[PDB]
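This report refers to the structure that appears directly beneath it.
Counting from 1, the numbers follow the sequence of the chain as shown. Counting starts at 1 for both ligands and their atoms, following the listed order.
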Amino acid sequence: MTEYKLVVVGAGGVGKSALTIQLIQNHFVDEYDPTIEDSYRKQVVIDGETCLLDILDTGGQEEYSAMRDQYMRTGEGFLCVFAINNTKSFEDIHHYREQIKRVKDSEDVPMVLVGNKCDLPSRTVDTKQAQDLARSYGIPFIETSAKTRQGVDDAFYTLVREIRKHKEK
Ligand SMILES: Nc1nc2c(ncn2[C@@H]2O[C@H](COP(=O)(O)OP(=O)(O)CP(=O)(O)O)[C@@H](O)[C@H]2O)c(=O)[nH]1
């Protein structure tokens, strides 16, 4: 049973918690709307291997986090989440990636670009835009919806697979 330290980053309001809660929910509680950063666990089987995922639901750059730097040192992979109807949240991706490279002193950090809220017909960030940005970073791009659960599990599974590939380099 391998452990993976996952960290979700992005501007506030993009759906970092909705994604994390939908992934880890055992649904004992009907509704859970966390506003404070926290860590969640889920045991999942990926490609036959039982994985133990620790997912850190970080707050946006606005919310102060004393352990932010340490969270990124411990983190092995990062979900960079933006909202396809929020152009600023998409532009903010550069800030969060630079923040990760600054602390980990590397350009080869496992990451996945996540365009959340793909359930909304009206979007401002085209698929080509995000796919192009992901290419410039050398990381995968996945569209997700924390409402319809579209691509939610695949986003985290993809990141785990990115960590495993990186670790086997
Ligand atoms: N239509 C739609 N709304 C979404 C989706 N994901 C989240 N939302 C909505 O966006 C708002 C912000 O969600 P939230 O999970 O708090 O995002 P956040 O600010 O990145 C997470 P936190 O700040 O707690 O780390 C909420 O009203 C939520 O219902 C989605 O996939 N589709």
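Against a heavy-atom cut-off of under 4.0 Å, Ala11 is close to the following atoms of ligand 1: 20 (O). Of all atoms in ligand 1, numbered sequentially from 1 with element shown, those under 4.0 Å from a heavy atom of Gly12 are 19 (O).
A pairwise comparison of heavy atoms in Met72 and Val9 identifies CE-CG1, 4.2 Å as the closest pair.
Of all the heavy atoms of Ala83, none lies under 4.0 Å from any atom of ligand 1, so neither backbone nor side chain is involved. No part of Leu19 comes within 4.0 Å of ligand 1, judged by heavy-atom distances. Contacts with ligand 1 closer than 4.0 Å are made by backbone heavy atoms (N, CA, C, O) of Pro34 only, the side chain lying farther away. Using a 4.0 Å cut-off between heavy atoms, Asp57 contacts ligand 1 through its side chain alone, with no backbone atom that close.
Remark: ligand 1 and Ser17 share an N or O pair separated by less than 3.5 Å (distance only, no angle test). Taking only nitrogen or oxygen atoms, main chain and side chain alike, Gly13 reaches within less than 3.5 Å of ligand 1. Considering backbone and side-chain atoms together, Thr58 places an N or O closer than 3.5 Å to an N or O of ligand 1.
Protein heavy atom nearest atom 6 (N) of ligand 1, with residue, atom name and distance: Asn116 ND2, 3.2 Å. Of all protein heavy atoms, the one lying nearest to atom 7 (C) of ligand 1 is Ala18 CB, 3.6 Å. Scanning the protein heavy atoms around atom 3 (N) of ligand 1, the nearest turns out to be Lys147 CE, 3.6 Å. For atom 14 (P) of ligand 1, the closest heavy atom belonging to the protein is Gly15 CA, 3.8 Å. Atom 32 (N) of ligand 1 has its closest protein heavy atom at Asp119 OD1, 2.9 Å. Protein heavy atom at the shortest distance from atom 31 (O) of ligand 1 is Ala146 N, 2.8 Å.
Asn86 places a side-chain N or O within 3.5 Å of a backbone atom of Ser89 that can act as its donor or acceptor partner. The closest donor-acceptor contact from the side chain of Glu63 to the backbone of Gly60 lies at 3.5 Å or more, if one exists at all. Counting only distance, with no hydrogens or angles, the side chain of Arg149 and the backbone of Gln22 share a donor-acceptor pair below 3.5 Å. Between the side chain of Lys104 and the backbone N or O of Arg73 there is at least one donor-acceptor pair closer than 3.5 Å.
When each of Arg123, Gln150, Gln131 is checked for a side chain to side chain donor-acceptor pair (under 3.5 Å) with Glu143, only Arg123 meets the rule.
Salt bridge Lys147/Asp119: absent, no basic N to carboxylate O contact under 4.0 Å.
Heavy atoms from other residues, nucleotides or ligands lying under 6.0 Å from CD of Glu98 number more than 12.
Between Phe141 and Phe82, the ring-plane angle classifies as parallel under the 30° and 60° cut-offs.
The closest side-chain donor-acceptor pair between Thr144 and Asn116 falls under 3.5 angstrom. Using a 3.5 Å distance cut-off with no hydrogens or angles, the side chains of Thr124 and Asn85 do not pair a donor with an acceptor. Between the side chains of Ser65 and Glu37, at least one donor N or O sits under 3.5 Å from an acceptor N or O.
Nearest to atom 4 (C) of ligand 1 by heavy atom, out of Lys117, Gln22, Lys16, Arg149, is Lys117.
A heavy-atom separation below 4.0 Å is not found between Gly10 and ligand 1.
Using a 4.0 Å threshold on non-hydrogen atoms, atom 25 (O) of ligand 1 counts as touching the protein. In this structure, atom 16 (O) of ligand 1 has no protein heavy-atom contact shorter than 4.0 Å.
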